[PDB]
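Student: Protein chains in written order, with the deposited numbering: chain A, 1023 to 1118; chain B, 54 to 211; chain C, 369 to 631; chain D, 78 to 423.
Questions regarding the structure given below will be posed in turn.
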Amino acid sequence: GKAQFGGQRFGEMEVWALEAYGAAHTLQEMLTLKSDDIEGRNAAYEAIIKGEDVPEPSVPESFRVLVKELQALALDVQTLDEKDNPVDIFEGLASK
Amino acid sequence: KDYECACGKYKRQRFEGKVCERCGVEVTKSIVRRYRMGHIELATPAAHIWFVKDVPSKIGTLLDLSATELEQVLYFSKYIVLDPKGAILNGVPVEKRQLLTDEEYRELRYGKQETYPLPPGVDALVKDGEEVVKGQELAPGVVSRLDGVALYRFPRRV
Amino acid sequence: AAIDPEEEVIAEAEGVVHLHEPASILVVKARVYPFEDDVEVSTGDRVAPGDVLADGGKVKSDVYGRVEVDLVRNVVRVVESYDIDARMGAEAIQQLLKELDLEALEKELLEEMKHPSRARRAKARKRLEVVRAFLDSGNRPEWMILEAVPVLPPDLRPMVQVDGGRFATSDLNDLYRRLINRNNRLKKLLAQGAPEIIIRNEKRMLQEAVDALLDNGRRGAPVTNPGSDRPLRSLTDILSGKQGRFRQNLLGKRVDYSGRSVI
Amino acid sequence: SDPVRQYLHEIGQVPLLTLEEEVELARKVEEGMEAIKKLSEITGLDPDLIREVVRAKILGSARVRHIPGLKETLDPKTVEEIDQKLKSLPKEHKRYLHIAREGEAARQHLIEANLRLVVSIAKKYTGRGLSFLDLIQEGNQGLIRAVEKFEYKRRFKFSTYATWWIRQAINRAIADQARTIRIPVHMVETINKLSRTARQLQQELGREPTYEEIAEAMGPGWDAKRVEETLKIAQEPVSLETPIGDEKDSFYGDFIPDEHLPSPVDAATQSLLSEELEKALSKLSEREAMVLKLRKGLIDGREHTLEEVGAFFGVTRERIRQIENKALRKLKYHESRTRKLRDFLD
RNA sequence: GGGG
DNA sequence: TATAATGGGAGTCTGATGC
DNA sequence: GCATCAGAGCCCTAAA
Ligand SMILES: [Zn+2]
C-alpha cells in the first residue's frame, strides 16, 4: 500500500507471465533481490550505488520461514545436493 | 542485539561464540532468533493430528483402527488392551487390541461390587462376612443382585 | 472409638460382640482368607492363583485379584480382578506403533493380495501403500506420535512494540501458552499422585492443546482468544490457503523498484 | 465428542459420599499419614520417600516416575527395594504399612467423590481468561490440597473446608496464567481493585472518571500519574492476525514495519562508514592510527580509560593520551579536505 | 465498503 | 486455612471420496 | 446412499 510506502504485489499470475516469457533472471530478481533475499537486496543496492552490476541472489528469507514452520510441525525438510548430502541454508546458525 | 549478550558483559564481535557466564546468552547475530528452534517435553505423548484426522487416517490404516476407534483411544473414551493377562469379560477372553468401555475396564481391573442402602433402623437378614447368591434377600426391602461376600458398612447398634 | 474420650464404647467385662443395623450392605465378589499370624502381603498388591498370602505360606490365594488386608476382621481379602494392561491415549497408540514389524506386516499383506472378492485386495493395498512408504523412507511409524513438541523460533511469532508503545503478538504464542500450562499442570498432577479421573482429564486436554497448536479447528471447537470469535491462527492455517505461506509469500511476493499510477 | 460433557459424565460415575463414608475415608487418610510418620522413625527412611512408595503400589505399576525432591530415582527397582524393607518389619511395626496403604487408597476415593464440588465452583469463574476445563483442573488441584489438610475431628463437613482451597486454587490460576504478559498476583489484585473503583465512580457520576477522581478514590499513595502508569502496565497485547476490515485479506501484522533488521540503505551506510574509517586511519600513518584504533575498537568496543592502556601500544602510558590527541588532531586537519564524513552526521 |  | 456448599450453557453450494 | 472435507479469480484504495 501507498500509505506504508509499499511495493507492488507480483502475484501468482504475474509470475506466470514472466514464466511464459521465459524471463528467468527477471523472475528470479522478483523472487529474491527485489523482495526477501536479505543478503541479496542489501548487496544489490550497494552495487548500484557503486556502479557495479547486481550480484547473483541467495535464498529468499520466506523459504527459510517455510522450513522452520514445517519443523514446528515436526517435519524434517532437507535441502540436498546431487550427492544427496544435506546443504545448510542457515549457514551454521541453527546447528549446535 | 547483534553480538551482545543479555546483561551486557560481552558487547562486541571480538567474542563470537562465547556464552556469557552471568546471563548465559551466546554472542552472535540476532538473526538467529529466526532460526533456532526450542522444544517442549511432553509428560505423556500426544498424537500429531495430521496423521490422525487426515483421511484415511495413516495411524488408523497401519493399525487397522477405524476413525471411531482411533478417536476413542486418543481422546480417552475407551481403553485398548496391550496384555489381557488372562482377563475374560461376559464369558469370552479379552483378546489384545480389544476396546473396553470404562465399566468393562473397571469390572476387569478392579472387580465388581454393589452397595445397598438398608432402610434406617431396619436390621439386616444376613450377617457380616457371609457368602451371598444373586436374588438372596438382605433386608425386608433389600435384595442383593450379585454373588460375593456381604460386608457390613456402618453398624448403628453394637 | 470416637472423637472425644467420652462416647467411646469400652467393654465393661468379658463378652462377645455382634454387629447389627448396618447403614448399608456392600456385596463384593471376593475370596476371604483368614489368618492367625502375621500377613506377608500388604493392601493393594495384585495376586494370581497360588500366591502366598499370610502365615509363612499356609494360606494362599485361589483366584486372580487385588489384595485387601482387613486388620479388624483379621482376614486377607482377594477381590477377583486381573492385572490386565489396557490404556488410553497417544501412549497406548505409540506403543502399538512401536510394536509393528513392518516387514512382517508386508508379508502378511502380500499374502492377502492373493484373494478374490476384489474388496479384500483393495484394502490390503491401501494398507500396503502406507507400509511400503515407511519401509522405503526409513521413517518409524511411532514418529507420528509426539514426545518432544518443537517450538518455532521467536522472530517468526514476534512480540513487537508497535508505534504507540502497545504490544502486538502472534497467535502461536497463545497456543503454546495453553500447551505449556497444561503440560506443567500434568507434571504436577502426576508427582502428587492424582486419581485417574483427574489425570485423564488433564491428558485429553493436553491432546486438544497440541491439536490446536498444529491444526486449530480441525477436530473440535476452534480455540479462540477470550471475548472474540476469531479462531487462533495455527501452524496449518499459516501454511495453507490463499493467505498461506505458499500462495502469498512463495509463489508471489511484493517487490522493490516498482510503482503504480493511472494510465 | 464434547470435552466438558465427557468429564461431567465421568465424575457422575463416582457416587457422592454419605456422612459416615466421608468421615471414614477422611479418618483413614489422617491415620495413614501418622502411620507414614511412625514408619519413618522405625525405618530410618524419609517420610516423603515412604509416602511415594506406598502411593506407587496403591495406584499400581501404571504410574512410576521420578518425584521432584525425593532423593532416589523412583524406578521399579527402588520401589521394590524400599517396599521390601517396609515388609521386613515385625507384625507390630508392619501394621503401620497396612495403615499407610489403606490411607492412600482412601485419599483416592475422597478426592474422586468430591469432583462434582469443583465443577460447581469453577462454573462461577468462567469468562475471566481461563477455559472451563482449565478452571476445573485448577479447582481439582485445590481439592487435592484440601484432602491433605483436612482435620476430620473438627466435625465440619468436607465440602466446607474444600471450598476454601478450591476457590483459592482457581483464583490463583486466573491471576497467574490469564495474561500473555504475566503479571505478579498482587499487582493483578491492585489492577482489579482499580477497575472496581472506577466502576463505582462512574456509577455515581454518570460519566467516566478522570485519573484524578480515581486517585482520590484509591486513598493515600495514589496520584493521577500512578493510576495512569498502572493502566499502561495492565494493557494486554493485540493479535498480529487481527483482521483489518471483514474480508479475510489484510492483517494488522501486515501494517507493521520491521525496525530491527537494517534496511538496504542502512547496511550500505555501515559498510561505507567502516570503509572510510579505515581508509582514513592509514593515510596519516597506520601506526598512530594503530594506537588510536586500539582505543575505541572497530568491532570490539575497546573503550575503558587510563588503567589497562598500560600494555602494548609501543610507548609506556601518558604518551598514548597525547598521540590520541595527535591522532585526533592529525585526523581533524586531513578531514577538512576529505570532508566526505560530514554527511554521515545525519 | 470504493476503483479497474 | 473450617456453617454448608457435590453434573455446563448455547447456533451456501459445489464435487470427490471413504463408511 | 450418505456424511465429511476442502475448494470456490487478480491487483488496488480507505478505514482499524
Ligand atoms: Zn551476560
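From the three backbone atoms N, C-alpha and C, an ideal C-beta is built for every residue, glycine too.
Look at residue 198 (chain D) and residue 240 (chain D) and say whether their C-beta atoms are less than 8 Å apart.
Tutor: Contact flag set, yes.
Student: Give the residues from the segment 576-588 of chain C that approach chain B closer than 7 Å (Cβ to any Cβ), ordered along the chain.
Tutor: 578, 579, 582, 583, 586 and 587
Student: Is the CB of residue 146 (chain D) under 8 Å away from at least one CB in chain B?
Tutor: Not an interface residue.
Student: Just to make sure I have the definition right: I need the residues of chain C whose C-beta is within less than 7 Å of the C-beta of residue 174 (chain B). Which are they?
Tutor: 389
Student: With contact counted as at least three CB pairs below 8 Å, one residue from each stretch, are the segment 593-600 of chain C and the segment 1045-1058 of chain A in contact?
Tutor: no
Student: Can you list the residues of chain B that residue 551 (chain C) reaches, using a CB-CB cut of under 7 Å?
Tutor: For residue 551 (chain C), the neighbours in chain B by C-beta distance under 7 Å run, in chain order, 93, 95 and 96.
Student: Closer than 7 Å to a non-hydrogen atom of ligand 1 - does that hold for the CB of residue 62 (chain B)?
Tutor: Result yes, Cβ under 7 Å from ligand 1.
Student: Is the CB of residue 1036 (chain A) under 8 Å away from at least one CB in chain D?
Tutor: For residue 1036 (chain A), no CB of chain D lies under 8 Å from its own CB, so it is not counted at the interface with that chain.
Student: When you compare the CB positions of residue 418 (chain C) and residue 429 (chain C), do they come within less than 8 Å of one another, or not?
Tutor: yes
Student: Bridge partners for residue 168 (chain B) per DSSP, in chain order?
Tutor: Looking at the DSSP output, residue 168 (chain B) shares a beta bridge with C:394.
Student: Hey, is residue 95 (chain D)'s beta-carbon within less than 8 Å of any beta-carbon in chain C?
Tutor: The beta carbon of residue 95 (chain D) sits closer than 8 Å to some beta carbon of chain C.
Student: If you measure beta-carbon to beta-carbon, which residues of the segment 1083-1107 of chain A are closer than 9 Å to chain D?
Tutor: Cβ contacts with chain D: none found.
Student: Please report the Cβ distance between residue 215 (chain B) and residue 516 (chain C), rounded to the nearest whole angstrom; I am assuming they are in contact, meaning their Cβ atoms lie under 8 Å.
Tutor: Look at the range of chain B in this structure, 54 to 211, and you will see that residue 215 (chain B) is not part of it.
Student: Let me confirm a value: residue 1023 (chain A) is counted as buried when at least 16 other C-beta atoms fall within 10 Å, else exposed. Which label applies?
Tutor: With fewer than 16 Cβ atoms within 10 Å of its Cβ, residue 1023 (chain A) is classed as exposed.
Student: Using a beta-carbon distance below 8 Å, is residue 1058 (chain A) in contact with chain C?
Tutor: Output row for residue 1058 (chain A): interface = yes.
Student: Does any CB atom of chain D fall closer than 8 Å to the CB of residue 617 (chain C)?
Tutor: So no, residue 617 (chain C) is outside the interface.
Student: Can you give me the start and stop residues for the alpha helix (DSSP H) that residue 475 (chain C) sits inside?
Tutor: 470-480
Student: Sort out for me which residues DSSP pairs residue 633 (chain C) with in a bridge.
Tutor: There is no way to answer for residue 633 (chain C), as the model of chain C reaches only from 369 to 631.
Student: Cβ of residue 65 (chain B) within 7 Å of any heavy atom in ligand 1?
Tutor: Incorrect: residue 65 (chain B) has no Cβ contact closer than 7 Å to ligand 1.
Student: Give a yes or no on whether the minimum CB-CB distance between residue 160 (chain D) and chain B is below 8 Å.
Tutor: no
Student: Tell me the residue span of the alpha helix (DSSP H) that contains residue 154 (chain D).
Tutor: Per DSSP, residue 154 (chain D) belongs to the alpha helix (DSSP H) from 153-163.
Student: State the start and end residues of the unbroken alpha helix (DSSP H) segment that holds residue 500 (chain C).
Tutor: 487-505
Student: Any Cβ of chain A within less than 8 Å of the Cβ of residue 620 (chain C)?
Tutor: yes
Student: Hey, how far is the Cα of residue 552 (chain C) from the Cα of residue 209 (chain D)?
Tutor: For the pair residue 552 (chain C) and residue 209 (chain D), the Cα-to-Cα distance works out to about 18 Å.
Student: Kindly list the residues whose CB is nearer than 8 Å to the CB of residue 370 (chain D), restricted to its own chain and excluding five residues on each side of it in sequence; keep chain order.
Tutor: 358.
Student: Under 8 Å between the Cβ atoms of residue 308 (chain D) and residue 565 (chain C)?
Tutor: no
Student: Give a yes or no on whether the C-beta atoms belonging to residue 433 (chain C) and residue 415 (chain C) are separated by under 8 Å.
Tutor: yes
Student: When you compare each of A:1041, A:1064 and A:1093 to residue 1076 (chain A) by their alpha carbons, which one comes out closest?
Tutor: Considering only alpha carbons, the answer is A:1064.
Student: Do you know how far the Cα of residue 180 (chain B) is from the Cα of residue 205 (chain B)?
Tutor: 8 Å
Student: Mind pulling the chain C residues with CB within less than 7 Å of residue 1053 (chain A)?
Tutor: 621
Student: Please tell me whether residue 481 (chain C) has its Cβ less than 8 Å away from any Cβ of chain D.
Tutor: Answer no: the Cβ-Cβ gap between residue 481 (chain C) and chain D never drops below 8 Å.
Student: Could you give the DSSP three-state label for residue 184 (chain D): helix, strand or coil?
Tutor: helix
Student: Would you tell me roughly how many angstroms separate the C-alpha atoms of residue 288 (chain D) and residue 265 (chain D), rounded to the nearest one?
Tutor: Going from the Cα of residue 288 (chain D) to the Cα of residue 265 (chain D) covers about 19 Å.
Student: Using a Cβ-based criterion (distance less than 7 Å to any ligand heavy atom), does residue 78 (chain B) qualify as near ligand 1?
Tutor: yes
Student: Let me see if you follow: with CB-CB separation under 8 Å, is residue 174 (chain D) close to chain C or not?
Tutor: yes
Student: Check residue 1030 (chain A) in the structure and name its three-state DSSP category.
Tutor: strand
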